[PDB]
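As they're listed, the protein sequences go chains D, E and F. With positions in the first sequence counted from 1, the corresponding number in PDB author numbering is that position plus 56. With positions in the second sequence counted from 1, the corresponding number in PDB author numbering is that position plus 57. With positions in the third sequence counted from 1, the corresponding number in PDB author numbering is that position plus 57. All C-beta atoms in this analysis are idealised placements derived from N, C-alpha and C, irrespective of residue type, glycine included. Worksheet for the structure shown next.
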Amino acid sequence: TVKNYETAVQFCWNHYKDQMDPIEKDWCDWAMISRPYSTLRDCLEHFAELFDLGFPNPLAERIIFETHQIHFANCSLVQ
Amino acid sequence: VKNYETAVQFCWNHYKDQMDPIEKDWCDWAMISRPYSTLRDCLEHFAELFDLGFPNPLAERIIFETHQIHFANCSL
Amino acid sequence: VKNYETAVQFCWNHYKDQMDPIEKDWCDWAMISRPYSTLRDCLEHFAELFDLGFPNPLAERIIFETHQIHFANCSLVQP
Ligand SMILES: [Ca+2]
Ligand SMILES: [Ca+2]
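As structure tokens, this is what we get:
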């Protein structure tokens, strides 16, 4: 039922992974992958405002660092 | 505070003074967000005051810094 | 620039063109803010041009790259 920020962040991440898991072959398609990533960021900020925490905030930024390490860090910058 | 670099140091020290006594709580994400927001507000207030963009490379180094010393070892 | 990825290379190449002649000043924070602000504005402009979110993963990889090659080892205050 989502009643604090930590569990909100889990909610956002879970929705994000549901998008990212089955499209591994396109993680470095920068234009395409910008959509689910936007939905992650925006979810993170939406729930930051809902719980009156600022944005960015440390948990949100750990989450953004985590996707960069697991999805994007070893992508080529030109396809 | 004669310039941006010394304003950034001023911001950074008001932040640490808030953070050092509450090491136990550095991974209480809700709580810790407050002093962190003050640091960002400070970094941005002084950026505009010295007519520099935000984010900017020095402000970003301060953000990496606090992630490295306060939040890196935290369970998510 | 036929797409976002090539837009991001134009931004990045223009940035390096301004940075390379001022290597002795990469740690002059107030000074080096100008070319960096232009880089961010360039990344955001083309982002909005191609109706992608900003920030986005590719743009963030460029940010990380300048932090790694330009600013990682600078003193936080000049002598
Ligand atoms: Ca805009
Ligand atoms: Ca779009």
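Contact belief for E/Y93 with D/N113 at Cβ below 8 Å, rounded distance in angstroms: Right, their Cβ atoms sit about 6 Å apart.
So for E/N70, helix, strand or coil by DSSP? helix
Only counting runs of 4 or more residues, tell me where the alpha helix (DSSP H) segments fall wholly within the region 80 to 131 of chain E, in order along the chain. 86 to 106, 114 to 123
Which same chain residues end up closer than 6 Å to D/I120 when comparing Cβ atoms and leaving out the 5 residues on each side of it in sequence? none
Determine the DSSP secondary structure at F/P136, reduced to helix, strand or coil. coil
Nearest-angstrom Cα distance between D/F128 and D/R97? 15 Å
Measuring only from the beta carbon, is E/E117 closer than 7 Å to any heavy atom that is part of ligand 1? no
Ligand 1 and F/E105: does the residue's C-beta get closer than 7 Å to at least one heavy atom of that ligand? yes
Buried or exposed: where does F/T123 fall if 16 or more other Cβ atoms within 10 Å of its Cβ makes it buried? buried
Does DSSP put D/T57 in a helix, a strand or coil? The answer is coil: DSSP assigns D/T57 none of H, G, I, E or B.
What in chain F is Cβ-close to D/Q135, meaning under 7 Å? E62
For review: beta carbons within less than 6 Å of any heavy atom in ligand 2: F/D108, F/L109
Chain F partners of E/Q66, CB-CB under 9 Å? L133, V134
Going by beta carbon distance, what residues of the same chain come within less than 8 Å of D/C84, once the five residues before and after it are set aside? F128, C131, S132, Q135
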